[PDB]
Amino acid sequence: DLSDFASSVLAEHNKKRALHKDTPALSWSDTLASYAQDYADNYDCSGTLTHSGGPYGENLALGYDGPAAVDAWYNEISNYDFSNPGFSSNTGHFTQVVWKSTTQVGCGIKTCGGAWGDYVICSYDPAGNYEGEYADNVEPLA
């Protein structure tokens, strides 16, 4: 059985994906979550967000618990132009949350407290945000 962290974060992803046409639900991966939590264990609580360079897709946040980070990522839909699909600096988290071809997610968390609060990383497989593939993987609202 999943931890409370895993079940709450998975539900928050799949509540949002179900808003979109032809977009399957994700399942949780212990492999992805071990990778994510290992990286969080090593965060320096400095306030900067640097990507891991790994083999999986990746969303990062600072200042939110797990489900609250998912909500912030998904709210980027407000900036996304469905008639000009593609990457942008303030829609790249949203397009990975709903990426049609992604099938599994796993996440980790570390409590920095102080000025920064919680660090959250979610890892995804297959990865989203491939150039030339947005129109086929980022579907409109049902």
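The first residue of the sequence shown is number 1, and the count goes up from there.
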Mean C-alpha B-factor higher for 34-42, or for 97-105? 34-42
Mean Cα B factor from the PDB record: higher for 117-125, or higher for 9-17? 117-125
Reading the B-factor column for Cα atoms of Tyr74, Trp28, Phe82, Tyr56, the highest value belongs to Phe82
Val70 CA temperature factor, ranked by third within the chain: middle
Going by what the PDB entry lists, where does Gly86 fall on CA B-factor within its chain: lowest, middle or highest third? middle
Could you look up the Cα B-factor of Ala142 in the entry and say which third of the chain it sits in: lowest, middle or highest? middle
